[PDB]
There are 2 protein chains.
Amino acid sequence: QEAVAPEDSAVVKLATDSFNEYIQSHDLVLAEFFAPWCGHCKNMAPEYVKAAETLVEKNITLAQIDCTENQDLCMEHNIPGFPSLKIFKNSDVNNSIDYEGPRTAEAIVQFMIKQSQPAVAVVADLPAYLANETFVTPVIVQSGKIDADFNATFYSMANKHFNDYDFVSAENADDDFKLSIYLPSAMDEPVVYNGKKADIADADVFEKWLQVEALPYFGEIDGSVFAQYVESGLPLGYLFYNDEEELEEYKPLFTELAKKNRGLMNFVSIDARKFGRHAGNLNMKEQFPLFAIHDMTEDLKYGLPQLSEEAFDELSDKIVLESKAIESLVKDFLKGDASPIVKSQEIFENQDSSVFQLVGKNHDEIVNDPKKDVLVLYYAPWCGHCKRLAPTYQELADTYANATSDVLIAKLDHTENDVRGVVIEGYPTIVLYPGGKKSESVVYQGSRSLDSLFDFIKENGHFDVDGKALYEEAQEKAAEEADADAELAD
Amino acid sequence: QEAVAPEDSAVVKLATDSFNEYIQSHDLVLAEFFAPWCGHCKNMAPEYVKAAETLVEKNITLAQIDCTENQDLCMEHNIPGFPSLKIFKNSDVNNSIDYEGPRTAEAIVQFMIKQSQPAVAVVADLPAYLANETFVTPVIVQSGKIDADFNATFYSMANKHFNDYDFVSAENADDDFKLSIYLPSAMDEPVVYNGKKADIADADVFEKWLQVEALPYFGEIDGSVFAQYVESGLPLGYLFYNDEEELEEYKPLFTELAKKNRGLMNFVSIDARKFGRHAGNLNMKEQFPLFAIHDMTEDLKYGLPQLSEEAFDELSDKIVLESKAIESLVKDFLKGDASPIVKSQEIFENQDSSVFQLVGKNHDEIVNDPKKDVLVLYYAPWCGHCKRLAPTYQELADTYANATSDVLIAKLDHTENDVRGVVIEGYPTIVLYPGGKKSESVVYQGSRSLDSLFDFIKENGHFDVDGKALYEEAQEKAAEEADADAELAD
């Protein structure tokens, strides 16, 4: 029988076909990269088997990898010598602790309780657990009587999700089903979970629901939490605080909102002392306390109509957001009604160069008209790549200025300027806009060369406007104009 | 040439060998699961190529999967029909949006800028970016001149890490190297990064360093952040607050600590209003403001020696932790000096049953002595599995009581009782302890049956004590004792 763990043995010889798909799925794999002629790799094989049939009840993994035939997999894994007992934990293909401890069953049986991962916490009285075990972590919990599509979804998710929650799987069987989520703020009030189950027994379904409900109705907005506030899709309404009397005068109201509109939009507070400077980033003046919504999906900010500047300095009395106003904003937004507020800077009373500095207000207009074939540099004043560009962009624009004006070549600063139309997250985004005879979603993708745009602006151009030919014709005309020949010779 | 993207083409025909290892490594894969005889899958192949050689500059993935020969991979992926243009984003093997948009190069070239992932943010003036772009997210940034082991580590990590930071890769080339981390609290002070580089150009190396330095020296302790506060290994020192005068009287001091001891131990605050109930969980009375350390690695809590109870109620004046005391604790701990504090309840003046209820104070003692072979149930009063046990445990203990006392059978409540010795995270942990003639790390693993322990306690027992034989002998003796026969017959 040599060194095989045969078909009858309680082990699955993982092959090269998919070591990694098997590893990273399983919560805690125990490998054995081995060779057959290695006496030791035979001369402890009954022990691997004896720590096999017995060790499946804490579903332990036995994994013989015949590095003879499964050779190319020994490459993607830095094997020292045979037998190799590098055993993987959370189960990525990095953590490979080459365990040099005993090669017995009754020995290493114990080492499978080296990192016991008790994710699920079965209880008799939750009251106790909940109160004996205080924690900053919200906890998922189920009681009642557990379905099949559940023990290995609830235990499953948890198993690979302590980076997130506490996972009690309690079951006072004399009880109908249940799936609460005890949030660290108000534990009195857990989660009314509506029971469509067989579909909410997988990810991203089971998942998205935690991603929704595991967020404290009205918590603070850490850098940390702000991740999963955006892993949401729900527009969050930011409120700014100066004092905590200011926080806690408001803190009930927003909880009560977030409760009703739970699934539609989110809510957070935000110390204004450390983040007044965000205010504008939500198109909003630094007057506090400041409530504002942000449609994260399409980049649209809605503020509670902030008070005027020519009464800002003149205002010793403080600032107060009447609840009545707070709601009416929220409802509006969701009705598809509230006013979003672009940052049109003041419109440039015609100044220097052939590159038109554009604004939100005009942009909507100028980009359209069929006269002319306007190109647009959507930009911000800081990035490296968007400034090593305006030099070309000028000697680009200048070439078209002189020649039959027509094709406008313009730039628009996305700092202090929202645009309703098309955009990439990052700058310098470049776009050409023919007009109302044909569409304007004609995004520039390529190099920076004067050359490459001159292509584009004719190639993908309504008028078919050979700017290069100009840049030929032009440089010739400026080669002669100066030199007078007759000055002197030789 | 039929429908092959040949060796000369700008595409890599991913095979079944490892689709997934290729997918989940790459930030944004664009698949084409195809068959050769599918006219359309030939009749748009030059377009895949024409959107190949040109589209590698935003390293786009072209992936032909010949579902003829790579068939078993079509199973692990729910293919509709040929050609299939299910293109994967963040790149797990779930998100498979079967894109039915155009089958041209100059068309779908654009759709590779559908989810542009500008992770890196190149800038000319960081000052602007930093200030124009306010955010709750700390930002990693490098200037100077970037090494090879860096663009595709910095860009790399980021690429799959917006769930964490903002990643500016700026480079005012006229400058020596640099890797700061601008933390959202004090941006004035970024990160003095010490320059051993070629090693800090990988994970978990580059990683662990963010995992260290990206945490605000002295932030609050959200449920969220508490994850990565434990993904650390650094003991964090918790301080509790009642007021913010109480917070901000202390808030400078702890920052200054966390700065010096940056790598050794961490620091956080914690509203006592919502979490007084944790206090005990750090072996600590609910007197506030309360500073305490927690050695997360070995479960050891160190408090600033909280004031007495018989002067608790008598104390109208408030509570104050003198800085001088705060430091001296920290130093001590790190010297390997400070006192950790077990929760020994009061020692049970001999009461009811054959199961000895143990305490921290005694436990150290009783577990040891060679007389006798003590078994120990390490437990908590709530879990399901640890109470469906004491019934056996009694009719276990009783069997040994009557018979030559010797082997003690005991239980120890881990709620209101720390144990210095061996433990599993979860209960009911069971252990037998012979003594000073042989070691005591003899952990019970198995069923609950009276049977299984009776094995254990002899099998792995110093005295070799057949309890089963008793449980034979015993039940016989209680079969006779009662029935008097002569009462009546028939």
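Each reported figure results from applying straightforward, stated rules to the coordinates on display, with no laboratory input. Using ideal geometry, Cβ is built from the backbone for each residue, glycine included, and neighbour counts are taken over all protein chains shown.
Descriptive notes on the structure:
- Its alpha carbons give the protein assembly as shown an Rg and a Dmax of 34.8, 155 Å.
- The shape of segment B:118-216 comes out rounded: with a ≥ b ≥ c from the C-alpha gyration tensor, a/c is under 1.5.
- Treating each Cα of segment B:217-339 as an identical point scatterer and summing with the Debye formula, the log10 of I(q)/I(0) at q = 0.10, 0.13 Å⁻¹ comes to -0.28, -0.48.
- Cross-link pairs beyond the 32 Å C-alpha cut-off, checked among A:274/B:160; A:13/B:42; A:178/A:274; A:86/B:197: A:13/B:42; A:178/A:274
- 3J(HN,Hα) along segment B:478-490: 8, 7, 8, 2, 5, 3, 9, 6, 4, 2, 6, 6, 5 Hz, from the Karplus curve 6.51 cos²θ - 1.76 cosθ + 1.60 with θ = phi - 60°, whole Hz, x for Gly and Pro.
- Normalised by 2.2 N^0.38 Å, where N counts its residues, the alpha-carbon radius of gyration of segment B:268-376 equals 1.36.
- With the convex hull of the Cα atoms taken as the outline of chain A, the averaged projected area works out to 40.8 nm².
- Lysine pair count for segment A:340-490 (Cα-Cα distance under 17 Å; residues 8 or more apart in sequence or on different chains): 15.
- Ranked list, fewest to most other Cβ atoms within 10 Å of each Cβ, for B:385, A:462: B:385, A:462
- Counting, for every residue in B:224-230, the Cβ atoms of other protein chains within 10 Å of its Cβ and taking the mean gives 6.
- Cβ-based net charge around residue B:70, under 9 Å, with every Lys or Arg adding one and every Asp or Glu removing one: -3
- Each copy carries a label point for residue A:128 at 7 Å from Cα toward Cβ; from one copy, the others' points are 6.4 nm away, ordered from shortest.
- Relative contact order of segment A:340-490, taken over Cα pairs closer than 8 Å and 6 or more residues apart, is 27 percent.
- Shape of segment B:293-352, Cα gyration tensor, a/c cut at 1.5: oblate
- Förster-model FRET efficiency, 51 Å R0, residue A:423 and residue B:281, C-beta, rounded to 0.05: 0.55
- Each Cα pair under 8 Å and six or more residues apart adds its sequence gap; the mean of these over the residue count of chain A is a relative contact order of 8 percent.
- By the Cα gyration tensor, segment A:1-117 has an equivalent ellipsoid whose semi-axes, rounded to whole angstrom, run 18, 18, 13 from largest to smallest.
- Label point of residue A:314 (7 Å along Cα→beta-carbon): distances to the other copies' equivalent points are 6.2 nm, sorted ascending.
- Rounded tilt (10° steps) of B:323-335 against the dominant C-alpha axis of chain B: 90
- Positive-end residue of A:478, A:463, A:439, charge dipole of segment A:340-490 with Cβ unit charges: A:439
- DSSP finds beta bridges in the protein assembly as shown, and of those with both partners inside it, around 45 percent are antiparallel.
- Amide hydrogen neighbours beyond the local backbone of residue A:411, cut-off 5 Å, H modeled: A:356, A:357, A:358, A:377
- Considering only beta bridges that DSSP places wholly inside segment B:217-339, some 50 percent are antiparallel.
- Under the combined filter of DSSP loop state and at most 14 neighbouring Cβ atoms within 10 Å, segment B:84-177 retains these GluC sites (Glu not before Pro): B:100.
- Using a cutoff of 8 angstrom between alpha carbon atoms and counting only pairs six or more residues apart, the relative contact order for segment A:44-140 works out to 29 percent.
- Cβ-vector label at 7 Å, residue A:459, separations to other copies in nm: 7.6
- Fraction of antiparallel bridges per DSSP, chain B only, in percent to nearest 5: 45
- For segment A:353-371, the residues whose amide N sits under 19 Å from a probe point set 7 Å from the Cα of residue B:128 along the beta carbon direction are A:353-360.
- Separation of alpha-carbon centers, segment A:341-383 and segment A:232-279, rounded to whole Å: 35
- Peptide-level mean, for B:123-136, of C-beta atoms on other protein chains within 10 Å: 6
- Kirkwood hydrodynamic radius computed over segment A:340-490 comes to 16.5 Å, based on all pairs of distinct alpha carbons.
- Averaged over A:369-382, number of beta-carbon atoms from partner chains that fall within 10 Å: 2
- Restricting the GluC sites (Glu not before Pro) of segment B:335-381 to loop positions (DSSP other than H, G, I, E, B) with no more than 13 neighbouring Cβ atoms within 10 Å leaves B:346, B:349.
- Long-range amide H partners of residue B:180 with built H, under 5 Å: B:141, B:143
- The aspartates and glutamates whose alpha-carbon is closer than 13 Å to the alpha-carbon of residue B:114, local same-chain residues fewer than 8 away aside, are A:425.
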